[PDB]
Ligand SMILES: Cc1cc(CSc2nnc3ccccn23)on1
């Protein structure tokens, strides 16, 4: 069974829009989204459809690019580092639940490499 997905708005949390956050949406997320290995990461893990009822028994801080995209569109984050941490959580969750060599892990590895290439240099404020 599936927990509620992470929040994509929070009215008591202050919003911000920076050149780096705009870039993370327009360039980094939107480019990764098109990768042939992005599809599993475009929405929250559906442990019910995948028939993996232990997924959320192991992963306690779930994240996916669908959530990230909606946060970025909401101006939910204060800075790029906060958003980059949610990408890192998403990749780390994958490596926690799965083992080296697994198809899903090869996909996460590939996207993480592309992610790091793209955030190596960000715009200036
Ligand atoms: C492809 C594929 C891999 C799996 C294994 S479960 C899993 N572990 N991390 C993620 C991330 C997204 C979708 C499924 N995930 O299901 N479909």
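Residue numbers (the entry's author numbering): 43 to 167. We put the beta carbon where it would ideally sit given N, CA and C, even for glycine.
Sub-8 angstroms separation of residue i and residue j beta-carbons
{"i": "residue 129", "j": "residue 110", "result": "yes"}
{"i": "residue 107", "j": "residue 74", "result": "yes"}
{"i": "residue 160", "j": "residue 70", "result": "yes"}
{"i": "residue 50", "j": "residue 116", "result": "yes"}
{"i": "residue 163", "j": "residue 60", "result": "no"}
Cα-Cα separation between residue i and residue j, rounded to whole angstroms
{"i": "residue 43", "j": "residue 90", "result": "5 angstroms"}
{"i": "residue 125", "j": "residue 119", "result": "7 angstroms"}
{"i": "residue 104", "j": "residue 48", "result": "7 angstroms"}
{"i": "residue 114", "j": "residue 165", "result": "16 angstroms"}
{"i": "residue 142", "j": "residue 55", "result": "37 angstroms"}
{"i": "residue 140", "j": "residue 96", "result": "12 angstroms"}
{"i": "residue 144", "j": "residue 151", "result": "10 angstroms"}
{"i": "residue 127", "j": "residue 92", "result": "26 angstroms"}
{"i": "residue 52", "j": "residue 46", "result": "15 angstroms"}
{"i": "residue 102", "j": "residue 58", "result": "27 angstroms"}
Distance between beta carbons of residue j and residue i, contact taken as under 8 angstroms
{"i": "residue 62", "j": "residue 122", "result": "4 angstroms"}
{"i": "residue 82", "j": "residue 149", "result": "6 angstroms"}
{"i": "residue 80", "j": "residue 153", "result": "6 angstroms"}
Assigned secondary structure, residue i (DSSP; H/G/I helix, E/B strand, else coil)
{"i": "residue 90", "result": "coil"}
{"i": "residue 130", "result": "helix"}
{"i": "residue 142", "result": "coil"}
{"i": "residue 165", "result": "coil"}
{"i": "residue 82", "result": "helix"}
{"i": "residue 61", "result": "helix"}
{"i": "residue 110", "result": "helix"}
{"i": "residue 50", "result": "coil"}
{"i": "residue 73", "result": "helix"}
Using the beta-carbon of each residue, find all residues closer than 6 angstroms to any heavy atom of ligand 1 and list them in chain order.
82, 83, 87, 92, 94, 136, 139, 140, 145, 146
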